[PDB]
There are 4 protein chains.
Amino acid sequence: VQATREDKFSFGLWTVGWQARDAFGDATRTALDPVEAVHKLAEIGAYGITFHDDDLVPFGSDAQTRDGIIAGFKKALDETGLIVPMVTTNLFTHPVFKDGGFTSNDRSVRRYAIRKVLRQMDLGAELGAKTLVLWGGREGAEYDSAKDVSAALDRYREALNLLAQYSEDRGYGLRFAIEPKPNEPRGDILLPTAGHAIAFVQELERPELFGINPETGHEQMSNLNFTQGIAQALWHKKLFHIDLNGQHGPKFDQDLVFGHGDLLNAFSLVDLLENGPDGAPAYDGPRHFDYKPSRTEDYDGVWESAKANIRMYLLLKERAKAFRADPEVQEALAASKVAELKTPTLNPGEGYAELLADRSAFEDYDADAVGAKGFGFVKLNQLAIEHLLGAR
Amino acid sequence: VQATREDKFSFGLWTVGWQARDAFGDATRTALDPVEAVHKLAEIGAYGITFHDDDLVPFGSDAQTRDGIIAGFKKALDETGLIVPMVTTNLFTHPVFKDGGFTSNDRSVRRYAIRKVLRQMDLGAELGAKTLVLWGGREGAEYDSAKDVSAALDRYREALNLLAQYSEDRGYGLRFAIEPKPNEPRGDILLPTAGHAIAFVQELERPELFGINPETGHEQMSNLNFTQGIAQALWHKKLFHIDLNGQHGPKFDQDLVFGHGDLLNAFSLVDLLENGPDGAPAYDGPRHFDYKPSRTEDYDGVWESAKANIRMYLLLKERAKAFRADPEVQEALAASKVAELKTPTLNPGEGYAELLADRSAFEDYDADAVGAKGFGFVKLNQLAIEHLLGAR
Amino acid sequence: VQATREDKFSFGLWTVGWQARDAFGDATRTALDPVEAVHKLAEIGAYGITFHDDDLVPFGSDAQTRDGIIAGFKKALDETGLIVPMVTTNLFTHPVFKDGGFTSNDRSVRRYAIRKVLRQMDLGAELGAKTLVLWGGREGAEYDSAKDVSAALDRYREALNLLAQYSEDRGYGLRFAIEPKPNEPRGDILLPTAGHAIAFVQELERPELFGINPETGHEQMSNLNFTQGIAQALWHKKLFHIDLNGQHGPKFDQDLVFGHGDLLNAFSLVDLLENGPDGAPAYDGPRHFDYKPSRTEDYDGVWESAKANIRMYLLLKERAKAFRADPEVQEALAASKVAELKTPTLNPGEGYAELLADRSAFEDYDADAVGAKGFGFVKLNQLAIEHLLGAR
Amino acid sequence: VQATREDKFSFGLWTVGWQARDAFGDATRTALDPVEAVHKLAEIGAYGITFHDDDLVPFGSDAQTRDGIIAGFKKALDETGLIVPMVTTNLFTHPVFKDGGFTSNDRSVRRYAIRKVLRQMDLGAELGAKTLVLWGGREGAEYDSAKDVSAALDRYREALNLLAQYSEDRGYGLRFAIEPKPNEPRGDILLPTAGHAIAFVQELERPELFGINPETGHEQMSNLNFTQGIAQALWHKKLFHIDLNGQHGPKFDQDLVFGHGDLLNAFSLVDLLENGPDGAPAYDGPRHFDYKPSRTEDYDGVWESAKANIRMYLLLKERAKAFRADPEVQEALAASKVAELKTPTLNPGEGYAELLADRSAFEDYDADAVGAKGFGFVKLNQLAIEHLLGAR
Ligand SMILES: O=C[C@H](O)[C@@H](O)[C@H](O)CO
Ligand SMILES: O=C[C@H](O)[C@@H](O)[C@H](O)CO
Ligand SMILES: O=C[C@H](O)[C@@H](O)[C@H](O)CO
Ligand SMILES: O=C[C@H](O)[C@@H](O)[C@H](O)CO
Ligand SMILES: [Mg+2]
Ligand SMILES: [Mg+2]
Ligand SMILES: [Mg+2]
Ligand SMILES: [Mg+2]
Ligand SMILES: [Mg+2]
Ligand SMILES: [Mg+2]
Ligand SMILES: [Mg+2]
Ligand SMILES: [Mg+2]
């Protein structure tokens, strides 16, 4: 299979650029030059690149340096045809953010965190980015008495409302995507799941400008069903971006290649995003890989892993397509009544009174007889896996 | 410490009445008589009792029978001075509900599920219940291709909108509390965390009427911080009811006595609910125990475990109070800047233009210096634990 | 593909016979007649059937009744040609076993548990069973102070030594396989992982007669790597039997069809078992399916699910074979140095004195140069998955 | 309370010396001087200090320097009276160990790893250490096809056999303690639980020289019951050392102060270690704290956290003794038949023949009457907790 710009595969500069310094060891790889990253990615089929302010411009660079770096980066995008669909800000690495950015108990840190983001919004706008991703990695706590969650949510809200105000006033037209994570690096992070992030966004001043950027491994760290979570995000129309990667359940954040973790869920996910209503994808944004080339690899291993992500997505798509197109699957879908859930429970114009008067819905209903019919779910499931396995 | 009606301890009929028939063994206790249960609960200090329709009136009882049971039940209530703060409907036991009640693939079951709940609403209304708890235990799936999540949410919403319609027309004054659970009995259940349920509720026709009924153990099954999720629920003003119990992380639902699983989180939870805003509780509803007396116990064990629930709460409350009243704690709270989070990040009348003009929030900000000061959070945590252990 | 008797696929009478009564609901299926189960299994390609004493003969059957059942049973076996490779005893259903069988705190229960087992060994020996599986589902605790573990291990060992004795004296020639499980139905089960069971077995009077019966989902309930634990069981030579099924990480025991849980781990498990050293399988006992047809299915779904287990195993076996015969996979293996681990670290005849003498092992070792070479693990993992996907 | 040298509280240099560089951010604390560490710890009550070669002497220090550091370190011990009970080797930080030390696919790395340990054994022997802790943090894999587990166990064994040989020949008198961990930093680590580690040790050439060093957080990362695992380790007589800390279930390794994670299990653990048979502790080695002062803390928080470890153990000890001494507890233990588990199942001289002859153990046994009696476990648990809360 071959990747096209229409596939919209994007990679964070911090992904292929991860030097592999983990919590227990030193880096095993040298630093990647942003310009080189741009050329390599272009080469493997990516349509865009993303970055944290500090990934491109070293924290504390003078404007002369800063400016120089932006200029070169800009050239590279130019020559290669790559776009910058999203930008984000690093509010977790520097020691000042040890208790968070937007929700640090220290007031001065909160003012500083907003400034850092405003600045990144400026660069984003200049490069044509449409989405600002906010990953509140340090917002949370290790101890319950150390953080007033209520106050914290008020402060998270206060900061986001200002950001939307500014973007709207400067006419940047950005969309904001809150990225949920349950833990790591804080004992517990605020807005731990896709659900909590969506509920929170609904309380902002201009909620229509806000959505979520769910990550495969983040939901899997709590042993949740990522596909089902995305389905809910789509129902709400809050899926503004997505970070794809792999994880093996509740343990540290692994960031494996997409599909190298829960393979069955990777399959149902591609199916959900691609076999949307009327042939068309249910999702239109970037298919962004927020992963890390394993610590045991060298740059060869790095480019390999970059391509594996694209490969995995395209192989899965291909099988998801075939699954749905199979008349035997179509038949099994019918038997399991999957589409019958789309029919309203109530007849047209029917209310409580008409339902209360319908004896077939209760008084004359044979629950025992209906309770005995099988749904044929194992069989439908087995058909899906045989398609995944290329055995059908 | 002794329980008062003011404490508002309530228990489900199904908790003390659980016969301890589990997934791998027969019942070890005989059935508990409801009148008996009312009488025993009144005696241990409970102010109220709750029940699923099928816990009181056996599935399929003729009207004569059903009518007789209610009459006896009401009399017991009468005599003991116990109220019915909440009622719920069993939409999970009978085989007809094997693929869900409101979201079953089968349209006829969905219709029947609504009828079963309307009927329970009438009875709750009759007994003076204020809350209708909805636990969608069979809503979800074992395989991703078996359930269209989107359509399922539409149907869950279609059903709730109708229930609210009816309650409102009839003047019942009920409040609806959705109860989230990540799994069990289904592989994955729709609306798995407190967050997912709050986000969903914000999408119904009369949202003001809807909230959640989170359960200690259900959030812990995903390894989430229960106190922290309750904090967010209170922030959204959607904590309509609470189910208290104990659990040991992600494994089957244990339903232990409150405080017998994660004790530290049980402590921070009581602190949150009781050491509210004024001096007053932050939550005013029933303190409901949704637990199960261990299968190894007889009826002496059952009554002991009921009392243990009340005892754990009162003991934790007492230590939470003492913690907050301690001068050394006040000092640790001041050093950790807990209260500083409550001060707006921005000065009154400050917007992005003023923030951008503040050189001190960025250009002249000494992040290195700020990042070197400690928050003293361990010390604060240590004082909290010492209060819990009665060591101070 | 089609299963042959050489494949050695076996099923427990309790798998296809599960009536689907779970922790939250009634059975959805009627009971399966054992003779009918024998015929249906033979028909789908199973070579054997296994059972708990109470699956075949209802608890408390008089001797005439029990004898009658056993005889009809044997006739079915005879006519179909199916064998009984393993038998087991139910020490978890009856209320008497609420605190365990061999380790109940109650002495009389421990004496009864041993007699229930001895009686099953006789029947096993008469049906030709070669393995007795021991699953101590009720040995454990919900509270730490309720059970003396040391005393419990002593009692466990005391019971197992007697069983080996009787078997050896009767010339039964049975091998014993302890089945580990972390929790469910007890909060914590004794001998929680394959590791704990192996270490325990090593302390018996006649260790050579004892091994383990690990189950896919049981190790996954603790989020452990099943293939890797099986690899270690094989290194100790204690894999006496195996239970294959599917699970989705830490949650109640799902008992899905094999391969329907962690697909990638199922794949590597089949590779380990069949692509053993010397062309041949690394394991030669039964490939036993200890699973449950989902509660949503009827008898058609039950047989579909039985056949899905065998199809899953054969498909994965085919892909594991092709994987290994791929010259590109071989080249990747060589590049990743997998086989180089099989070469002793020390030279023949080298001891610490000679090692200490080798400056190339330390003094002149360039750690930094070695440290920079990639292992090519990602690329290898990618080829593995492409084989599973039928993309190669 | 106050710590005495008889409490044997020890700490690793890497604990209070952790600079707080995590997977997502820079160090928030400067480096701690080892002599100072010796002094500081002596002051808070520790009786000993431990370290990794590389904690003390910077990786790649010339002989002169190394010698220099050791001599200063020896003086500080001298001056303060602290001992070095255990020493360990760093086989996880340097890039050369990315695929492991002892089981690296690369043979040259395995040879180098052995040399690096021999050298630490010498320094350990010279400082009077009695235990060599072996933590194979990089032993494992991210991908199943990348590591031959059987070969890795052979190589692990091969390296340990040699270390034992050396120690015995040099007359060092060291005992070896293998430390199990399920994951982090490798996706899956070899010897993931205390169980797997004990089983392994039993296969070595001089097993009497090997035991384990289980860590509270490591077992909790897999959601296992720490106390129960230590109870099994003591049964086997393999508890050579112990690492105490706190953790909040399956997530990244938190390394909190002991008792700051699962409080109830920290209580039962202290009870098991101290309320041993013959009044005396069941365990007499060092109570070693392998924890990390939270990243939000400065050097004051660091010493605060060090003291917290000691305070937690002593407060728990105090409650564990009060618990056992309480007459009501004594009455609950009796009703729970906790001690009846210590009486053999069989009468002295009884074997299967006499057991079979006992109609009362089977034919005339009333399983139903026995099954109806409760064990009073909930009451017993409640008393334990009230003792922990200082409520009794
Ligand atoms: O787990 C870390 C996050 O996934 C991070 O990469 C964000 O997506 C960007 O700040
Ligand atoms: O986990 C089971 C649920 O908690 C149930 O008891 C609801 O609260 C009422 O249906
Ligand atoms: O989880 C229950 C066990 O897996 C059981 O089926 C045993 O294998 C036999 O008693
Ligand atoms: O989790 C890492 C280990 O706990 C480490 O600190 C060892 O005990 C010493 O190598
Ligand atoms: Mg991530
Ligand atoms: Mg991300
Ligand atoms: Mg529950
Ligand atoms: Mg509940
Ligand atoms: Mg099982
Ligand atoms: Mg099994
Ligand atoms: Mg650790
Ligand atoms: Mg350790």
# chains A, B, ... in the order shown; residues from 1 in each chain; ligands from 1
$ residues_near_ligand --ligand "ligand 3" --cutoff "7 Å" --atoms "only C-alpha atoms and all ligand atoms" --output "VMD selection string"
chain C and resid 52 88 to 90 133 to 135 137 179 215 243 253 290
$ write_last_selection --atoms "N, CA and C atoms" --output "mmCIF file, in the first residue's frame"
data_model
loop_
_atom_site.group_PDB
_atom_site.id
_atom_site.type_symbol
_atom_site.label_atom_id
_atom_site.label_comp_id
_atom_site.auth_asym_id
_atom_site.auth_seq_id
_atom_site.Cartn_x
_atom_site.Cartn_y
_atom_site.Cartn_z
ATOM 1 N N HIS C 52 -15.635 -31.613 35.481
ATOM 2 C CA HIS C 52 -15.516 -31.533 36.932
ATOM 3 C C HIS C 52 -16.518 -32.659 37.287
ATOM 4 N N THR C 88 -11.198 -33.091 36.669
ATOM 5 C CA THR C 88 -11.045 -32.109 37.744
ATOM 6 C C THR C 88 -12.214 -32.241 38.700
ATOM 7 N N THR C 89 -12.129 -31.648 39.875
ATOM 8 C CA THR C 89 -13.120 -31.628 40.941
ATOM 9 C C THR C 89 -13.620 -30.222 41.269
ATOM 10 N N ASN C 90 -14.916 -30.137 41.463
ATOM 11 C CA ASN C 90 -15.522 -28.841 41.815
ATOM 12 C C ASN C 90 -15.368 -28.659 43.321
ATOM 13 N N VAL C 133 -6.280 -31.823 37.168
ATOM 14 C CA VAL C 133 -6.128 -30.369 37.281
ATOM 15 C C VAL C 133 -6.747 -30.003 38.658
ATOM 16 N N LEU C 134 -6.017 -29.120 39.323
ATOM 17 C CA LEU C 134 -6.442 -28.608 40.637
ATOM 18 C C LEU C 134 -6.607 -27.095 40.551
ATOM 19 N N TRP C 135 -7.808 -26.560 40.534
ATOM 20 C CA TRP C 135 -8.037 -25.099 40.507
ATOM 21 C C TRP C 135 -8.634 -24.687 41.865
ATOM 22 N N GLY C 137 -10.018 -22.247 43.350
ATOM 23 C CA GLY C 137 -10.754 -20.994 43.196
ATOM 24 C C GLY C 137 -11.188 -20.328 44.478
ATOM 25 N N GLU C 179 -3.632 -25.028 38.853
ATOM 26 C CA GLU C 179 -4.031 -23.882 38.007
ATOM 27 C C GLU C 179 -4.084 -22.584 38.819
ATOM 28 N N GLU C 215 -3.751 -20.572 32.557
ATOM 29 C CA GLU C 215 -4.853 -20.198 31.635
ATOM 30 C C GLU C 215 -4.582 -18.815 31.056
ATOM 31 N N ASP C 243 -4.843 -24.148 29.434
ATOM 32 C CA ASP C 243 -6.226 -23.686 29.233
ATOM 33 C C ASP C 243 -6.100 -22.462 28.305
ATOM 34 N N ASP C 253 -13.066 -12.215 34.784
ATOM 35 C CA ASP C 253 -12.625 -13.311 33.887
ATOM 36 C C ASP C 253 -13.613 -13.407 32.735
ATOM 37 N N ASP C 290 -10.770 -23.513 27.670
ATOM 38 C CA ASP C 290 -11.547 -23.277 28.912
ATOM 39 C C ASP C 290 -12.118 -21.861 28.699
#
$ interface_residues --of "chain A" --to "chain D" --cutoff "7 Å" --atoms "only C-alpha atoms" --output "ChimeraX atom specification"
/A:22-28,92-95,98-99,184-185,250-252,295-296
$ residues_around --residues "residue 309 (chain B)" --least-positions-apart "3" --cutoff "9 Å" --atoms "only C-alpha atoms" --output "tab-separated table (two decimals) with N, CA and C atoms, in the first residue's frame"
chain	number	residue	atom	x	y	z
B	244	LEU	N	-21.56	4.48	47.90
B	244	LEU	CA	-20.29	4.26	48.61
B	244	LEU	C	-20.00	2.79	48.86
B	245	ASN	N	-18.77	2.35	48.65
B	245	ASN	CA	-18.36	0.94	48.84
B	245	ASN	C	-16.84	0.89	48.70
B	257	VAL	N	-17.37	-3.08	52.09
B	257	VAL	CA	-17.88	-2.01	52.97
B	257	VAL	C	-17.05	-0.77	52.57
B	258	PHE	N	-17.70	0.36	52.71
B	258	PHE	CA	-17.02	1.64	52.43
B	258	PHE	C	-15.78	1.74	53.33
B	259	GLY	N	-14.63	2.06	52.74
B	259	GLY	CA	-13.39	2.21	53.48
B	259	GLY	C	-12.59	0.92	53.60
B	289	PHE	N	-25.12	3.30	50.72
B	289	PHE	CA	-24.11	2.20	50.68
B	289	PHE	C	-24.58	1.12	49.71
B	291	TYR	N	-23.23	-1.97	48.72
B	291	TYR	CA	-22.17	-2.95	48.98
B	291	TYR	C	-22.83	-4.32	49.10
B	304	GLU	N	-23.50	-6.95	60.89
B	304	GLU	CA	-22.21	-6.38	61.26
B	304	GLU	C	-21.60	-5.49	60.17
B	305	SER	N	-21.75	-5.95	58.94
B	305	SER	CA	-21.22	-5.25	57.77
B	305	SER	C	-22.06	-4.00	57.49
B	306	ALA	N	-23.34	-4.03	57.79
B	306	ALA	CA	-24.20	-2.85	57.57
B	306	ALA	C	-23.68	-1.77	58.53
B	312	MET	N	-17.36	3.29	59.50
B	312	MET	CA	-16.23	3.81	58.70
B	312	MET	C	-16.48	5.28	58.38
B	313	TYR	N	-17.65	5.62	57.87
B	313	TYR	CA	-17.95	7.03	57.52
B	313	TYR	C	-17.76	8.02	58.67
B	314	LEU	N	-18.37	7.74	59.82
B	314	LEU	CA	-18.32	8.55	61.02
B	314	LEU	C	-16.89	8.63	61.51
$ atom_distance --atom1 "CA of residue 149 (chain B)" --atom2 "CA of residue 331 (chain A)"
20.0 Å
$ select_by_dssp --residues "region 13-220 of chain C" --states "helix (DSSP H, G or I)" --output "ChimeraX atom specification"
/C:13-16,34-44,53-56,63-80,95-97,107-127,144-146,149-170,194-201,207-209,216-220
